[PDB]
């Protein structure tokens, strides 16, 4: 039986209309054009010989407005430039007539967002990721993808949360929030960096087990229960996130009649092993679907 779950992204058209190419010196990547502002990673200013230890303050000082070439696939004339953290803010002489309603927000571990992967200012694909507990994402990014953006959507308002910066040695990816901070402890320098341990996102595993029940698959449900406080002690010793329930999870508990604490017990047992059984076609725990995903895709509830 098919779960009815897929990796679902927001329709990308509103964001596609905001993507531009930014070129400075020998570097070319993508930017995001909102109102009279183009956002892009600051390493567009870096020569190749300096990607491992750029002096971004001195590079910024060395640039003029004319150093930055911005093109939509129109040329946008840059009339101001500034640095915010790991991002540049370029002011351009034309306001984007296709600027959506938007905000900037930071995404939290375990939460999902949509990514528009772009090369040379041209959108090429879209996909959805969950921010991992170690502030990486398991994406699909190649050379030239920096400045690709991640976002969520509330109503007609696009909430931009991610601008792509780099790949880590283990193949995962990270980037910046639009306040200019990098996610996690990462730095926008091309050197090897410590990577914190990833963890299973407990609240998302709970969501997936609820998805299993909603699809008629509940062999792992027993009357046994583990409290949130006890689970969270256990989680710390077993590479799980601490569980924090939400109204979205509560709706799944109501719809199925299975209590959260029953599934926290199940997770503890399933972690030791599935004993040859499958859950929604898998023999390992799944933490890449959120409670909101399950509520929306299976229950039709946004």
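Numbering follows the first chain given and starts at 1. Under this definition, the rigid core comprises the largest set of C-alpha atoms superposing within 1.5 Å between the forms.
Here the rigid core sets the fit, and in 8 other deposited structures of this protein the C-alphas of 192-200 stray farther than those of the other stretch, out of 173-181 and 192-200. Per the records, residue 168 is modelled in every other compared entry, just as the shown structure includes it, so no third of them leave it out. In the record comparison, residue 74 is unmodelled in at least a third of the other entries of this protein that model the residues flanking it. According to the PDB entry, the deposited sequence contains 4 to 9 residues between residue 73 and residue 74 that lack coordinates. Mean C-alpha B-factor is higher over 188-196 than over the other stretch, the pair under comparison being 100-108 and 188-196. The stretch with the higher mean CA B factor, choosing between 265-273 and 27-35, is 265-273. In this structure the maximum Cα B-factor among 40, 249, 244, 51 is found at 51. The PDB entry assigns residue 226 a C-alpha temperature factor belonging to the highest third of its chain's modelled residues. The entry lists a Cα temperature factor for residue 201 that places it in the lowest third of the chain's modelled residues.
Placement of the Cα temperature factor of residue 133 within the chain: middle third of the modelled residues, per the deposited record. Ranked by C-alpha B-factor against the other modelled residues of its chain, residue 164 falls in the lowest third. Among all modelled residues in this chain, the alpha-carbon of residue 142 has a temperature factor (C-alpha) in the lowest third.
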